[PDB]
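So here's one chain in two forms, each on its own in structure tokens, numbered structure 1 and structure 2.
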Structure 1
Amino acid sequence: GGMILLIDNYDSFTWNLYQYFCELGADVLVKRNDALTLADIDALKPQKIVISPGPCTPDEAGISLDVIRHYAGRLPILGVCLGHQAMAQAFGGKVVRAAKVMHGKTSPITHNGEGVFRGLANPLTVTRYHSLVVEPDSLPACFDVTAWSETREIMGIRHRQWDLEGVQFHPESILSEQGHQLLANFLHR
């Protein structure tokens, strides 16, 4: 509810998330993936963690993979794009090339109306900034898929037991009412 650790994986969109979460009344702290150890995060005492997008892959995302693996089941974690892929890979996921690389287009995904999608319209139009996707047949059994592209891509995953959730699209909203309601869902679990 209070203190959010946002992990910057060197994207401009981490500051959008900063503003969005601050407008929802959260105490947010933004630390770069290479300027942190896991010992650091114990000092900061976060209530929830968010892994940002970034131009890299999870392997090159500094501590992101280490953080998901160590804090899984201790604090809620929300992965956006890169963070969503990092969440799959963390539990033995496989990230593969997409059918079409999307550099800013908005498109309709279907969801299960649970997790961050509770009280959201289905289908839902979202904006995509990615070229890679989580491979469905490789997805670890600990994860349910929660959203699908219309080309049948994984657009959201969620752990079956713990509070860690991913989205492949950029939430980009909080003045959209159904965009505010998506991040508020993570914040007020």
Structure 2
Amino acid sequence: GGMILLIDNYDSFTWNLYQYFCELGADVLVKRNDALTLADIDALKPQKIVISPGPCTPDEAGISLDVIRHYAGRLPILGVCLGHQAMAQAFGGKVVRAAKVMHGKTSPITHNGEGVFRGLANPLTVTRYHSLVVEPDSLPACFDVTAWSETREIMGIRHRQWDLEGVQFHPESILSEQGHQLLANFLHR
């Protein structure tokens, strides 16, 4: 029995994520990255937090980084695309150009059946809208990689101790398989 806070980082498909979560029975509060402070979050008392995709860098994602630093190990956090990159960067990871431009291409990803991939089919076909990946050689030791592209780019990370996980792709997208079961893992873990 808990509200989910979706931090909107001004993506074009933010309501697709809100609707997917609503389809799964979740009470979602949508607040924008510049419309919330960490103190405001404490009083809203969320049970879980999702950092939405966005066109900006983690630095320009308002309170996104601030939220990860403060709530890591206190509340479950999911990061999607930008939210995933912000998650990596907050622990000392770097973001880099992808291999090629990935504008609504789908791609098969292999995974280890851990975190949000618990119970899901392997491989999984998913869509990427954005052209930046987490740098593997830089990835902090506190994260396992949960999924890889055909190219061995990072498509998911999970913290080894705390409930906080990131996916590079768009599960909310109709082009992406088992988006519902993926987000249901996060919701009901």
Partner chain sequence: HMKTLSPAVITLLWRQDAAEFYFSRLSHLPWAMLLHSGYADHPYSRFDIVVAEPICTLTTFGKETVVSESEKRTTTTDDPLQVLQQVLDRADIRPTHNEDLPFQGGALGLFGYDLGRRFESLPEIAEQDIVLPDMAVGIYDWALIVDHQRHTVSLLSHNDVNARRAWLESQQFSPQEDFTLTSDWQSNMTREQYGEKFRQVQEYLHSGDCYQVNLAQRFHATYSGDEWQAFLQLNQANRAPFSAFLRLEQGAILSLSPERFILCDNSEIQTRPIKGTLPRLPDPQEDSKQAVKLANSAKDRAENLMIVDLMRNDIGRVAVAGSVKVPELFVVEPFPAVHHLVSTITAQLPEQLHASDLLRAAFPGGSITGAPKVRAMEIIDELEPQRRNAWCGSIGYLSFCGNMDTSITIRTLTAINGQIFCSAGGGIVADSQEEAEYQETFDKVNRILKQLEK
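Under this definition, the rigid core comprises the largest set of C-alpha atoms superposing within 1.5 Å between the forms. Residue 1 is the first residue of structure 1, and the numbers go on in sequence order from there.
Only structure 1 is derived from the form solved without its partner chain. Core-superposed comparison between structure 1 and structure 2: CA of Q178 displaced by 2 Å or more. Superposing the rigid core and comparing between structure 1 and structure 2 gives a CA shift of 2.6 Å at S12. Aligning the rigid core between structure 1 and structure 2 leaves the CA of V116 offset by 0.5 Å.
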